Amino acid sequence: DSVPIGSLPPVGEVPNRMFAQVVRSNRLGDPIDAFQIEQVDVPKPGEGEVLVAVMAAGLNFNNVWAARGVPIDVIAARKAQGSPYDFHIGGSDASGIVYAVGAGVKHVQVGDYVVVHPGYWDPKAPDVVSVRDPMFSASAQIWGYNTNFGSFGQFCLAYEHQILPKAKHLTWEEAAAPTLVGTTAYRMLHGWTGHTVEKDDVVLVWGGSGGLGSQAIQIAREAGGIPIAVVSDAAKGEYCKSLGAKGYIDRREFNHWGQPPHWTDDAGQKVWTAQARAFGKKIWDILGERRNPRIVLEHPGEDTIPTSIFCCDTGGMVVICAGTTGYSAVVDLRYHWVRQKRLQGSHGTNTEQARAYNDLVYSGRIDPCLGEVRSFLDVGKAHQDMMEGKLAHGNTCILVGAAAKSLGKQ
């Protein structure tokens, strides 16, 4: 039989059923309405799979998208691919304890204390065991968003390659907080040959105090880069400085955000460029010298890309993993072509990148930036809070199998 939340059977004993915070197609909408607790069967691991008892789960805006069914209903998408399930168990971040392994799992063991990286693909696909990068495979996707059986169940299912050793000095909730956003940032900063962060490179980080940005600042700093954070208030600015940013830029000081004027609109271009230059000058002011960012860590998309493209150094890279302000990103070729800049899409993580990121966490070089811990019961409200901009600063987590806060250190 199932067990209560905040408890588990003996290690390696798996119940038939589990509790999960579930979405169904018939209740898509706001998170408060779309999420409901249900009991479902615990899945059995197949070849190469690992069943993890979730001790804590991290929250992400991807769960707001899955709850709303925008841009897609994930359930309907998987049904079109042959899935029998009519529910979605999200959650893309977890810490916990391995409770079962399938055939061919020769490294990970029952009882291991682990975290889960989000880079999901079929380990047995031809393109995965060959092509450039497993994240380019046909099967590549984000665990717990594109896949079912994520961290909002008492037990989650992942492939072996997603399993990482849990940092010993972190609690369950601390360890559950950063991996999705941290590995995403790590691939962005270290994954694109020709434009990886080097010592003394200036790195412009949008949304510096958010989950992605706070990991990016730390990763850049550990690489010997000089991070500059863009933020929405002074407190967030000082938070970013405390994580290693040399300084911050307050976005509210500018009003040019959005799609730029067409290149033929001379009057509009004059006004837009004066704003962009002023933004660039604040970078110079923080550095104490006229240097441009070699790497720009993007994610706002439509409203910021024009500034990113403009400020990026000659021969530099704007790398982007979302479009939170919209997807119609205008690239002015008079900057992008003549000064030979790179606009790089980046998504997920491969295993080498995830392990390298996790090694920084494990060694105590990176802070997981846990802001806020909620109960399993509050997944819907917590994502409602997220959508309404109301979460405390910091990555947010829920307890699942953990009986209380501040457990799990070794």
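Residue indices: 1-based, along the sequence shown.
- The deposited model assigns a higher average Cα B-factor to 372 to 380 than to the other stretch when 33 to 41 and 372 to 380 are compared.
- On average the C-alpha atoms of 254 to 262 have higher B-factors than those of the other stretch, with 254 to 262 and 177 to 185 being the two compared.
- As recorded in the PDB entry, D133 shows the highest C-alpha B-factor of the residues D73, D133, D86, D122.
- By the numbers in the PDB entry, the CA B factor is greatest at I283 among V110, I283, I217, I142.
- Residue-level temperature factors show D93 in the lowest third of its chain, judged at the C-alpha atom.
- When the modelled residues of the chain are ordered by their C-alpha B factor, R27 lands in the lowest third.
- In the deposited entry, the Cα temperature factor of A402 sits in the middle third of values across the chain's modelled residues.
- Looking at the C-alpha B-factors along this chain, the one for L51 belongs to the lowest third.
- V64 sits in the middle third of its chain by CA B factor, as recorded in the PDB entry.
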